[PDB]
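The structure appears right after this line, and notes come after that.
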Amino acid sequence: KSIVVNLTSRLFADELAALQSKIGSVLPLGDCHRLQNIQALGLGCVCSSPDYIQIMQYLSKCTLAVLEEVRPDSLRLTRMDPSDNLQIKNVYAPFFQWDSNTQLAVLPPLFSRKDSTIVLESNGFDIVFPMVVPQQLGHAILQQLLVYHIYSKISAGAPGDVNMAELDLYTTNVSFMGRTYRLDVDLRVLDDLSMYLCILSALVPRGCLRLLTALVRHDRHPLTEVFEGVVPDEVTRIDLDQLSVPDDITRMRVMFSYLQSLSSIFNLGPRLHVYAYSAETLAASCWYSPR
Amino acid sequence: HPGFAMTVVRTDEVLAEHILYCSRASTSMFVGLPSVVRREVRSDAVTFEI
Amino acid sequence: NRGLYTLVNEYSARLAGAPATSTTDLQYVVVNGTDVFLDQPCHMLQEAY
Amino acid sequence: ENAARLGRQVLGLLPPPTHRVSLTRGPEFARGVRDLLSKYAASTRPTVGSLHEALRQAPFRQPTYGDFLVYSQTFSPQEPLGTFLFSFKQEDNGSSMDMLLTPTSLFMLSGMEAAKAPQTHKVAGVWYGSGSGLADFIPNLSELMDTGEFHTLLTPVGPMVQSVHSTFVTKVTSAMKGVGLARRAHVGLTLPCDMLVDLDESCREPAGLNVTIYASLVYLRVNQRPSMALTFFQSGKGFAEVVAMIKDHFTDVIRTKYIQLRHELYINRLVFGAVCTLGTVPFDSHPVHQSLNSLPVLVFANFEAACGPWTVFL
């Protein structure tokens, strides 16, 4: 399991020690054979105006690999098999202090570039590293930066609605494993989930009264009698008569499509299970299970 | 001086070189046989355990 | 509290209750007992020098 | 002499060499292909020596053991070998410790009722004299059950392989993938009959290759206090059915839960349960009933362990 990345021009002395640090790291790779160029590794086809879902869906359709050795004339990889024992070093920027016996995930990069990418000028192609965070932190790091991306669009048009003293108190401070992390924010990555979670935000109250009043019969499931008394009072006053029936179909053929493509991007599985970790050597043995 | 004295407690280690005397024929040992059990076959090397 | 021939058997064999570490800067509490050779005689006599 | 005996044991467990047929010379190609076909024809006949040669091809993947280190009062010396193990990792301890919760030790943290569990309530009290030594080490046994965050802290690990118990520190070895080899027998996962709820029983579904074991951790109230209840399931019906079958099992709990939530609504109170994927038993390997001291315990065989993330259901 070895992949050689040839370099037709030799490396600089500044670009060498930048990769001597990141000697163990998970990198996406557009095909799984070995004779590939510098333009193949990393997210450079999609990150170098980046969009979120195009990168998140790319990682599940990809073959990740692990650096092992950084030599001057070339680079050397290691293809990471399904359910394969390895040894991965924590080198990722910014630092998150992994714990042993966790479930690491692989996310697209969404912070600043000097932590994400390494700028190469020996060949003119900047390689892009992904975001390797524990699973419970990587989903709490994004259910706030998607909240922060909403209020930075409300206060851009209506600036009297959002208090900046309370917006940068909760959204940029994440506490996990008893440790508070302050995250760096100047977001053009999450400008599609904000336009999918909001284009789905209005159709759900219209959709549940349309679908509770359709499923009324003698053979009703008994639990839906109880789950009726949770929806608020204003949702139970929606006039469905202000729309036509051929317009009401397209508020389901579009409505459910933002309940599948928005759901099947968070249940994506390029994850790996660390089973041994040391906090000062930063080394971690694991196994990688796709999906 | 506040209104109370105090007592202090430490622990201190010593590298001591020891003398073990053990009389004749006390223990009786039972030695088995070495049994090689192969466990791992990689593409690079094959490891064993005795 | 037991009979003293049970305490002589327990002395050399089983390590006592939470002694110090070895070759660490701040003298932590020991664990995992892999290569840990500690002999404390103050825990049995209950005295300090 | 004794060094030559080991030379015969290592050279009898080596993998078979790959056939090197030279495709550049004339007669060397003819004598190398002939030894492929004088050797497949002697691996097909039903004689004993042909079956003697057939098992050296060993494409075996291996179990990956995890060495834990638990306090001895949160983990009994009387634990059956093959008990499932969880890991509770709420915070960073000052020392390198870990909290491993067996399903009979997580019965004392939960406080679920003994009408559900008649036999594992007598067992969980006779091993744990007060239940305080567990509950003293979790300061949030009410705020992690109210908000619904206890299942986010458990990571499933696997069955138990070795338990070196001592006075203050217990060494516990698990098997996180594959079939765990004892430390030599194969340790199968042991669940009580009190917790395991089958789905394949009925009054002709396909005999698939594989059957899976799930773990449900369900939030509920007892004595008007937050509690929970952990049950185990076993079926091979695919993921869409079982989540719809677990909702049928907990019909009587949800209807008695939202009588109180119809009064008042907090958004901390809506999340209900979480389904994990523990591992895969092979098909029609029936579990063998055993008893401990009288505790009905189903021990499986060839249980290889997996690890699924906790997915919510409601």
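Residue numbering restarts at 1 in every chain; chains get A, B, ... in the order shown in the structure tokens, and ligands count up from 1 in that same order.
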Using DSSP secondary structure from the backbone, list all strand (DSSP E) positions within stretch 152-223 of chain A, as a compact mmCIF listing (two decimals) with N, CA, C and O atoms, in the first residue's frame.
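What follows is the written file out-v5.txt:
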```txt
# COMPACT_ATOMS: atom_id res chain seq x y z
N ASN A 173 -17.32 30.22 20.91
CA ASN A 173 -16.72 29.52 22.05
C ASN A 173 -17.36 28.15 22.18
O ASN A 173 -18.55 28.04 22.49
N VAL A 174 -16.55 27.11 21.97
CA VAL A 174 -17.00 25.72 22.03
C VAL A 174 -16.28 25.03 23.17
O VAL A 174 -15.05 25.08 23.26
N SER A 175 -17.05 24.39 24.05
CA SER A 175 -16.52 23.66 25.20
C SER A 175 -16.76 22.17 24.98
O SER A 175 -17.91 21.73 24.84
N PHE A 176 -15.68 21.39 24.94
CA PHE A 176 -15.75 19.95 24.76
C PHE A 176 -14.67 19.29 25.59
O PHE A 176 -13.53 19.77 25.61
N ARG A 179 -12.88 21.38 28.08
CA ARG A 179 -11.94 22.38 27.57
C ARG A 179 -12.67 23.32 26.63
O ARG A 179 -13.29 22.87 25.66
N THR A 180 -12.58 24.61 26.90
CA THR A 180 -13.18 25.62 26.03
C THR A 180 -12.20 25.97 24.92
O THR A 180 -11.02 26.24 25.18
N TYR A 181 -12.68 25.93 23.68
CA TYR A 181 -11.90 26.30 22.51
C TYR A 181 -12.49 27.56 21.91
O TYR A 181 -13.70 27.61 21.63
N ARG A 182 -11.66 28.58 21.72
CA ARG A 182 -12.07 29.77 20.98
C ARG A 182 -11.66 29.61 19.53
O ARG A 182 -10.48 29.38 19.23
```
Quick one: residues within 10 Å of stretch 42-48 of chain C, only C-alpha atoms counted, chain neighbours fewer than 5 positions away excluded, as an MDAnalysis selection string? (chainID B and resid 9:11) or (chainID C and resid 7 11 16:17 19)
Please report as a tab-separated table every residue of chain C lying within 10 Å of chain D, along with the nearest atom pair and their distance in Å (one decimal), using only C-alpha atoms.
```
residue	atom	partner	partner_atom	distance
C:14	CA	D:166	CA	9.1
C:15	CA	D:167	CA	9.4
C:16	CA	D:167	CA	9.2
C:17	CA	D:168	CA	7.8
C:18	CA	D:168	CA	8.5
C:28	CA	D:95	CA	8.8
C:29	CA	D:95	CA	8.3
C:30	CA	D:95	CA	9.5
C:31	CA	D:169	CA	7.6
C:32	CA	D:169	CA	7.6
C:33	CA	D:169	CA	9.5
```
Could you write out that same residue set with C-alpha atoms as an mmCIF file, in the first residue's frame?
```
data_model
loop_
_atom_site.group_PDB
_atom_site.id
_atom_site.type_symbol
_atom_site.label_atom_id
_atom_site.label_comp_id
_atom_site.auth_asym_id
_atom_site.auth_seq_id
_atom_site.Cartn_x
_atom_site.Cartn_y
_atom_site.Cartn_z
ATOM 1 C CA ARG C 14 1.111 -7.079 47.125
ATOM 2 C CA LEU C 15 1.988 -3.404 46.786
ATOM 3 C CA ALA C 16 0.438 -1.091 49.364
ATOM 4 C CA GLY C 17 -2.035 1.759 49.048
ATOM 5 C CA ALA C 18 -1.069 4.445 46.489
ATOM 6 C CA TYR C 28 2.459 11.891 41.313
ATOM 7 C CA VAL C 29 0.499 8.862 42.557
ATOM 8 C CA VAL C 30 1.687 5.565 41.095
ATOM 9 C CA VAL C 31 -0.419 3.281 38.912
ATOM 10 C CA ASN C 32 -0.164 0.300 36.502
ATOM 11 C CA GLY C 33 2.653 -1.281 38.602
#
```
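Computed from the coordinates, the atom CA of residue D:137 to atom CA of residue D:190 distance equals 26.3 Å.
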Closest-contact table, chain B side, partner chain C, 12 Å, counting only C-alpha atoms, as JSON lines:
```
{"residue": "B:7", "atom": "CA", "partner": "C:48", "partner_atom": "CA", "distance": 11.8}
{"residue": "B:8", "atom": "CA", "partner": "C:48", "partner_atom": "CA", "distance": 10.8}
{"residue": "B:9", "atom": "CA", "partner": "C:48", "partner_atom": "CA", "distance": 8.3}
{"residue": "B:10", "atom": "CA", "partner": "C:48", "partner_atom": "CA", "distance": 9.1}
{"residue": "B:11", "atom": "CA", "partner": "C:20", "partner_atom": "CA", "distance": 8.4}
{"residue": "B:12", "atom": "CA", "partner": "C:20", "partner_atom": "CA", "distance": 9.4}
{"residue": "B:13", "atom": "CA", "partner": "C:22", "partner_atom": "CA", "distance": 8.6}
{"residue": "B:14", "atom": "CA", "partner": "C:38", "partner_atom": "CA", "distance": 9.7}
{"residue": "B:15", "atom": "CA", "partner": "C:38", "partner_atom": "CA", "distance": 9.9}
{"residue": "B:16", "atom": "CA", "partner": "C:39", "partner_atom": "CA", "distance": 10.0}
{"residue": "B:17", "atom": "CA", "partner": "C:37", "partner_atom": "CA", "distance": 11.8}
{"residue": "B:18", "atom": "CA", "partner": "C:39", "partner_atom": "CA", "distance": 11.5}
```
Close residues, stretch 268-282 of chain A itself excluded, 7 Å, only C-alpha atoms, min 2 positions apart in chain, as JSON, numbers by chain: {"A": [59, 60, 89, 90, 99, 100, 101, 102, 103, 104, 105, 106, 264, 265, 266, 284, 285, 286, 287, 288, 289, 290, 291], "D": [66]}
Restricting it to C-alpha atoms, dump the selection as an mmCIF file, in the first residue's frame.
```cif
data_model
loop_
_atom_site.group_PDB
_atom_site.id
_atom_site.type_symbol
_atom_site.label_atom_id
_atom_site.label_comp_id
_atom_site.auth_asym_id
_atom_site.auth_seq_id
_atom_site.Cartn_x
_atom_site.Cartn_y
_atom_site.Cartn_z
ATOM 1 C CA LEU A 59 -14.840 12.816 0.799
ATOM 2 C CA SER A 60 -17.187 9.816 0.873
ATOM 3 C CA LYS A 89 -0.062 11.661 14.182
ATOM 4 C CA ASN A 90 -2.133 14.595 15.431
ATOM 5 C CA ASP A 99 -8.682 11.846 23.333
ATOM 6 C CA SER A 100 -8.020 8.127 23.271
ATOM 7 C CA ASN A 101 -10.923 5.748 22.519
ATOM 8 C CA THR A 102 -12.802 8.305 20.408
ATOM 9 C CA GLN A 103 -14.411 8.323 16.949
ATOM 10 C CA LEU A 104 -12.513 10.751 14.732
ATOM 11 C CA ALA A 105 -14.282 12.244 11.725
ATOM 12 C CA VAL A 106 -13.064 13.969 8.568
ATOM 13 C CA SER A 264 -27.604 12.379 4.072
ATOM 14 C CA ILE A 265 -24.701 14.836 4.302
ATOM 15 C CA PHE A 266 -24.490 14.657 8.100
ATOM 16 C CA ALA A 284 -2.749 7.707 17.436
ATOM 17 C CA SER A 285 -3.385 4.164 16.249
ATOM 18 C CA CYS A 286 -6.780 3.669 14.659
ATOM 19 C CA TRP A 287 -8.818 1.838 12.037
ATOM 20 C CA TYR A 288 -10.742 3.397 9.149
ATOM 21 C CA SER A 289 -14.299 2.320 8.334
ATOM 22 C CA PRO A 290 -15.836 3.993 5.260
ATOM 23 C CA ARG A 291 -19.561 4.779 5.590
ATOM 24 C CA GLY D 66 -7.647 -2.314 24.006
#
```
Go through chain D residue by residue and, counting only C-alpha atoms, keep those with an atom at most 12 Å from chain B; for each kept residue give the shortest atom pair and its distance in Å to one decimal, ordered by chain and increasing number, as a tab-separated table.
```
residue	atom	partner	partner_atom	distance
D:2	CA	B:34	CA	9.2
D:3	CA	B:34	CA	9.9
D:4	CA	B:34	CA	11.7
D:5	CA	B:34	CA	9.1
D:6	CA	B:36	CA	7.2
D:7	CA	B:36	CA	9.6
D:8	CA	B:36	CA	9.7
D:9	CA	B:36	CA	6.2
D:10	CA	B:36	CA	6.6
D:11	CA	B:36	CA	10.1
D:12	CA	B:38	CA	9.9
D:13	CA	B:38	CA	6.5
D:14	CA	B:38	CA	8.0
D:15	CA	B:41	CA	8.0
D:16	CA	B:41	CA	11.4
D:56	CA	B:38	CA	11.8
D:57	CA	B:41	CA	11.2
D:58	CA	B:41	CA	9.1
D:59	CA	B:41	CA	8.9
D:60	CA	B:40	CA	8.9
D:61	CA	B:40	CA	8.7
D:62	CA	B:40	CA	8.1
D:63	CA	B:39	CA	10.8
D:181	CA	B:39	CA	11.9
D:184	CA	B:37	CA	11.4
```
What would the file look like if the residues just selected were written as a tab-separated table (two decimals), in the first residue's frame with N, CA and C atoms?
```
chain	number	residue	atom	x	y	z
D	2	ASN	N	17.60	-28.17	21.09
D	2	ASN	CA	16.35	-27.49	21.40
D	2	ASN	C	16.13	-26.27	20.52
D	3	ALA	N	17.21	-25.72	19.94
D	3	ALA	CA	17.05	-24.64	18.98
D	3	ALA	C	16.62	-25.16	17.62
D	4	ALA	N	16.89	-26.43	17.33
D	4	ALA	CA	16.44	-27.02	16.08
D	4	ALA	C	14.97	-27.41	16.12
D	5	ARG	N	14.40	-27.60	17.31
D	5	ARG	CA	12.98	-27.90	17.42
D	5	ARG	C	12.14	-26.68	17.04
D	6	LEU	N	12.61	-25.48	17.40
D	6	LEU	CA	11.92	-24.27	17.00
D	6	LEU	C	12.08	-23.97	15.52
D	7	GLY	N	13.15	-24.46	14.89
D	7	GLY	CA	13.28	-24.29	13.46
D	7	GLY	C	12.26	-25.07	12.68
D	8	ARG	N	11.81	-26.20	13.22
D	8	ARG	CA	10.75	-26.99	12.62
D	8	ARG	C	9.36	-26.42	12.88
D	9	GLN	N	9.20	-25.60	13.92
D	9	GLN	CA	7.89	-25.02	14.21
D	9	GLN	C	7.66	-23.73	13.45
D	10	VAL	N	8.70	-22.93	13.26
D	10	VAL	CA	8.54	-21.70	12.48
D	10	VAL	C	8.36	-22.02	11.01
D	11	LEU	N	9.16	-22.96	10.50
D	11	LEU	CA	9.07	-23.40	9.11
D	11	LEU	C	7.90	-24.34	8.83
D	12	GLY	N	6.96	-24.48	9.75
D	12	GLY	CA	5.76	-25.24	9.48
D	12	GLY	C	4.53	-24.36	9.56
D	13	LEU	N	4.72	-23.13	10.01
D	13	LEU	CA	3.66	-22.14	10.08
D	13	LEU	C	3.84	-21.01	9.08
D	14	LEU	N	4.86	-21.06	8.23
D	14	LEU	CA	5.05	-20.03	7.22
D	14	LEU	C	3.94	-20.07	6.17
D	15	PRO	N	3.65	-18.94	5.53
D	15	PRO	CA	2.71	-18.94	4.40
D	15	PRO	C	3.29	-19.70	3.22
D	16	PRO	N	2.44	-20.24	2.34
D	16	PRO	CA	2.95	-20.94	1.17
D	16	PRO	C	3.54	-19.95	0.19
D	56	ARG	N	-3.62	-24.08	4.95
D	56	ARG	CA	-2.50	-23.18	5.20
D	56	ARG	C	-2.73	-21.82	4.57
D	57	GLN	N	-3.60	-21.74	3.56
D	57	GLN	CA	-4.04	-20.46	3.01
D	57	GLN	C	-4.90	-19.78	4.06
D	58	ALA	N	-4.33	-18.84	4.81
D	58	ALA	CA	-4.97	-18.24	5.97
D	58	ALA	C	-5.15	-16.74	5.77
D	59	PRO	N	-6.30	-16.29	5.23
D	59	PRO	CA	-6.56	-14.85	5.05
D	59	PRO	C	-7.26	-14.22	6.25
D	60	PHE	N	-6.68	-14.38	7.43
D	60	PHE	CA	-7.34	-14.00	8.67
D	60	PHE	C	-6.95	-12.58	9.06
D	61	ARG	N	-7.96	-11.76	9.34
D	61	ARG	CA	-7.73	-10.45	9.94
D	61	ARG	C	-7.76	-10.59	11.45
D	62	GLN	N	-7.25	-9.58	12.13
D	62	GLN	CA	-7.03	-9.89	13.53
D	62	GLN	C	-7.79	-8.96	14.46
D	63	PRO	N	-8.12	-9.46	15.65
D	63	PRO	CA	-8.69	-8.58	16.68
D	63	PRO	C	-7.68	-7.57	17.18
D	181	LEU	N	-9.81	-13.50	21.30
D	181	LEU	CA	-9.14	-14.69	21.80
D	181	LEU	C	-8.77	-14.48	23.26
D	184	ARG	N	-6.11	-20.47	25.64
D	184	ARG	CA	-6.55	-19.67	24.50
D	184	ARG	C	-7.84	-20.22	23.91
```
